[PDB]
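This is the structure we're talking about:
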């Protein structure tokens, strides 16, 4: 648990944290359970920080009868649905809850119905990027980013990519079934090794310019 | 050259200076010489201010042994470029550095290996604009802009143009070989005379909305 | 068989010295404003107003 080896320098940052200061836009939202999707989800995954989220429906009605009171403006989201809403972030805002076994355990996900922060514009954000080609890749400054859809077909997803994982790609070639995030760039440059089904490398964390 | 004429009012501003305050994004970088470009540069020019720059590579490794020290995040750029990395500005930040014939001479050039500030988002930026097609052009409020690449073909570059000059064009018609800066508008109307090879009119200073 | 010099030959004296700088700066002239000299000025209204009657 404690430190066992000393490194030369500290890490630049942690996923889901703002790393540059500038213009930014964010909105709150409530998370739908993935099983609540009507046509069923071909790709599944937990509500993990630094994943793209999609708009689901308006939940400002706040009532069960014919007359209702619009008390506040609220939106509700799903883990990987279309109609991109934002990217989860700001891990320091939430509570730990531990894990299923015992408390005081490392946890980086969120339960269903929790309130989260979703970024639509950000000068710099630390996120996790996956590889969608099963080959060695380097991203460089100008590459684009896309995220796995909720209903990505199994034929189009040979690898076991999660529901809302972020994927980087070159401006020329893009995976067939992914959904692109407009006006998004990969400011930092890293390299990724070869991938295979059941052996997905997590992908080194990167910095993103969402809008 | 001393004031030989008295006017009723001062000039609105100078190229490379911010003219309006608002949302803004800028990053630092280091300059690469054109000689280091592997496929050789067909279009050449100096590292002049108020001109586009392109991404070259990452120089954050800072070491040669097995354990490296990544103590900073840095990037390096080229004057022509194909991966857009903002526009050089803020002349008050730098120094004269002297000129070939004699020092203490007016110039916007910057030596190789120097550090500059490149703007990606700017509410108002005074720049030096050029004209294409060697014909009289009127820009008006809402035209677009593009910049010359390093690898522009000599067939598409009949008029001798600098490596990273900014060129404005109408929505319908654009010169054959150019790279368009996304989401940029002229904002300030301007008129430019007819041109010829070797006698290109420098244009007039103009406000810009980079993003 | 000249011995290779350690330092590259060059003109010794830099141009920063042997220079003389005049004391001050010169500013652009622009035009004159003489509207007040003709009819004067009267502070009668208030900012954030619209009309005078």
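Chains as they are written, first to last, in the deposited numbering: chain f, 1 to 211; chain h, 1 to 211; chain F, 66 to 118. The beta carbon of each residue, even a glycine, is placed where N, CA and C say it ideally should be.
task: Indicate whether at least one CB of chain F lies closer than 8 angstroms to the CB of residue 75(h).
output: no
message: Give me, in chain order, the residues of the same chain whose beta-carbon lies closer than 7 angstroms to that of residue 73(h); leave out the 5 immediate sequence neighbours on both sides.
response: Within the same chain, and ignoring the five residues on either side of residue 73(h) in sequence, the residues whose Cβ sits closer than 7 angstroms to its Cβ are 60.
query: Could you give the distance in angstroms between the alpha-carbon of residue 4(h) and the alpha-carbon of residue 54(h)?
result: 40 angstroms
message: For chain F, check one thing: does any of its Cβ atoms lie closer than 8 angstroms to the Cβ of residue 107(h)?
response: Chain F, which has no Cβ nearer than 8 angstroms to the Cβ of residue 107(h), makes this no.
- prompt: If we count the other Cβ atoms within 10 Å of its Cβ and call it buried at 16 or more, is residue 83(f) buried or exposed?
  reply: exposed
query: Which word fits residue 120(h), buried or exposed, when buried means at least 16 other C-beta atoms lie within 10 angstroms of its C-beta?
result: Under this definition residue 120(h) is a buried residue.
- prompt: Short check: CB of residue 87(h) to CB of residue 33(h), under 8 angstroms?
  reply: no
Chain h contacts made by the segment 112-126 of chain f, where a contact means CB separation under 9 angstroms: 123
- prompt: What in chain f is Cβ-close to residue 28(h), meaning under 7 angstroms?
  reply: Here the premise fails: no neighbours, minimum Cβ distance about 12 angstroms.
message: Threshold first: 4 residues or longer. Then list the alpha helix (DSSP H) segments lying entirely within the segment 93-122 of chain f, N to C.
response: The alpha helix (DSSP H) runs of length 4 or more contained entirely in the segment 93-122 of chain f do not exist; there are none.
message: Using CA atoms only, rank isn't needed, just tell me which of 146(f), 162(f) and 155(f) is closest to residue 201(f).
response: 162(f)
message: Can you confirm whether residue 9(f), when its beta carbon is compared against all beta carbons of chain h, has any partner nearer than 8 angstroms?
response: yes
- prompt: What three-state label does DSSP hand residue 58(h) in the structure shown?
  reply: strand
Run of the alpha helix (DSSP H) containing residue 102(F), from where it starts to where it stops: 100-104
- prompt: Which first and last residues belong to the beta strand (DSSP E) in which residue 167(f) is found?
  reply: Annotation: the continuous beta strand (DSSP E) that includes residue 167(f) extends over 166-169.
task: Measuring only between beta-carbons, confirm whether residue 99(h) sits less than 8 angstroms from chain F.
output: no
- request: Determine the extent of the beta strand (DSSP E) in which residue 205(f) is found, giving its start and end residues.
  value: Residues 205-209.
- request: Answer with yes or no whether the minimum CB distance from residue 147(h) to chain f is below 8 angstroms.
  value: For residue 147(h), no Cβ of chain f is located within less than 8 angstroms of the residue's own Cβ.
- prompt: Rounded to the nearest angstrom, how far is the Cβ of residue 135(f) from that of residue 197(f), given a contact under 8 angstroms?
  reply: Contact flag wrong, Cβ pair sits at about 13 angstroms.
query: With burial defined as no fewer than 16 other Cβ atoms inside 10 Å of the residue's Cβ, what is the status of residue 96(f): buried or exposed?
result: exposed
Identified DSSP bridge partners for residue 76(h): 30(h) and 57(h)
- request: Find the residues of chain f that neighbour residue 58(h), judging by a C-beta separation of less than 7 angstroms, and give them in chain order.
  value: 189
message: Going by C-alpha to C-alpha distance, which of 115(f), 117(f), 92(f) and 113(f) sits closest to residue 107(f)?
response: 92(f)
task: Give the single residue among 30(f), 66(f) and 101(f) whose Cα lies nearest to the Cα of residue 56(f).
output: 30(f)
query: Can you list, in chain order, the residues of the segment 80-101 of chain F whose Cβ is nearer than 7 angstroms to any Cβ on chain h?
result: 80, 93, 94, 95 and 96
task: Give me the Cα-Cα distance between residue 175(h) and residue 165(h), rounded to the nearest whole angstrom.
output: 13 angstroms
query: So, is residue 98(F) buried or exposed, given that buried needs 16 or more other C-beta atoms within 10 angstroms?
result: exposed
- request: Output the boundary residues of the beta strand (DSSP E) element that contains residue 146(f).
  value: 144-147
- prompt: Per DSSP, what kind of secondary structure is residue 191(h) in: helix, strand or coil?
  reply: strand
message: For the segment 186-196 of chain h against the segment 102-118 of chain h, do three or more pairs of beta-carbon atoms, one drawn from each stretch, fall closer than 8 angstroms, so that the two count as touching?
response: no
- request: Helix, strand or coil for residue 52(h), going by three-state DSSP, please let me know.
  value: strand
query: Does the beta-carbon distance from residue 208(f) to residue 70(h) come in below 8 angstroms?
result: no
- prompt: Which chain f residues sit within Cβ distance under 9 angstroms of residue 210(h)?
  reply: Within chain f, not a single residue places a beta-carbon under 9 angstroms from that of residue 210(h); the smallest gap is close to 13 angstroms.
message: Does chain h have any CB closer than 8 angstroms to the CB of residue 15(f)?
response: Not one chain h Cβ lies under 8 angstroms of residue 15(f).
Length of the line joining the Cα atoms of residue 131(h) and residue 94(h): 28 angstroms
message: My assumption, with CB atoms under 8 angstroms, is that residue 168(h) sits in contact with residue 145(h). Please give the rounded CB distance.
response: 5 angstroms
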